[PDB]
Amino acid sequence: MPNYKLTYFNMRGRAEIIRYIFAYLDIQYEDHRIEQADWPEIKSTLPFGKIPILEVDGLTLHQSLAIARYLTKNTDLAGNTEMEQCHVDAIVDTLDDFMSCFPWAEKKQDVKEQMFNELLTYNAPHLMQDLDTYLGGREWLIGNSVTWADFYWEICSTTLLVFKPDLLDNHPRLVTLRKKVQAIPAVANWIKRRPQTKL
């Protein structure tokens, strides 16, 4: 076992996927959370100035989805074939493109209201129908067992539900997915233990 040190804001954000993988695989790591006041002092230290980073034996990794992929390679969470690993990556990227559309950094809180409302009213419902069709009559998004794509669905939807809490009212299959992930004893164990933040 190597030693690990995760560094991110005190929020779920883009680090939650990594904490989910860590928890599912039973990997003791350090979850180092910073205040946004300590962000300028640390940004210059970072390779490309963005967070999260994972340190494994003095080696800094960046980019959440690349770290997530790195930590699940050769694990059940990855998918069983290159095609299945491709589908995991397509779903993750698709969810991620939509999570990234939101103007989290927009300082004008008025303008951040508008874009958020539009994406949650026009964009998101279409996407929730694409997932539903894609999932079909499977329990999990890819194959016949959990992958970190499912983890990612749960993480993304948790944060989309905070804003539009009725987002899945016409999609109980996507709610059951959320519950199947929250049912994984290691994941459930961490969902209760984790710090309670909005995002």
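Basically, rigid core = biggest C-alpha set you can superpose within 1.5 Å across the two forms. Start at 1 and count along the sequence shown; that's the residue number.
message = Stretch 40-48 versus stretch 66-74: after rigid core alignment, which one is farther off in C-alpha RMS in 7 other deposited structures of this protein?
response = With the rigid core superposed, the C-alphas that lie farther in 7 other deposited structures of this protein are those of 40-48.
ask   = Higher mean Cα B-factor in the deposited model: 111-119 or 97-105?
value = Stretch with the greater average CA B-factor: 111-119.
query = Which is higher on average in the deposited entry, the C-alpha temperature factors of 75-83 or of 88-96?
reply = According to the entry, 75-83 carries the higher average C-alpha B-factor.
task = Using the entry's values, work out which of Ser64, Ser44, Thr147, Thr159 has the largest Cα B factor.
result = It is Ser44.
inquiry  = Lowest, middle or highest third: which one holds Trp39 when the chain's residues are ordered by CA B-factor from the entry?
reply    = It belongs to the highest third of the chain when residues are ordered by C-alpha B-factor.
inquiry  = Taking only the Cα B-factors deposited for this chain, tell me whether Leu135 sits in the lowest, middle or highest third.
reply    = For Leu135, whose C-alpha B-factor we compare with every modelled residue in the chain, the answer is the middle third.
query = Based on the entry's values, in what third of the chain does the Cα temperature factor of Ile51 lie: lowest, middle or highest?
reply = Within its chain, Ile51 is a middle-third residue by C-alpha B-factor, going by the deposited values.
query = Taking the C-alpha B-factors as the PDB entry records them, is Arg69 in the lowest, middle or highest third of its chain?
reply = Lowest third.
key: Assigned third (lowest, middle, highest) for the C-alpha B factor of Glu154   = Lowest third of the chain for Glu154's C-alpha B-factor.
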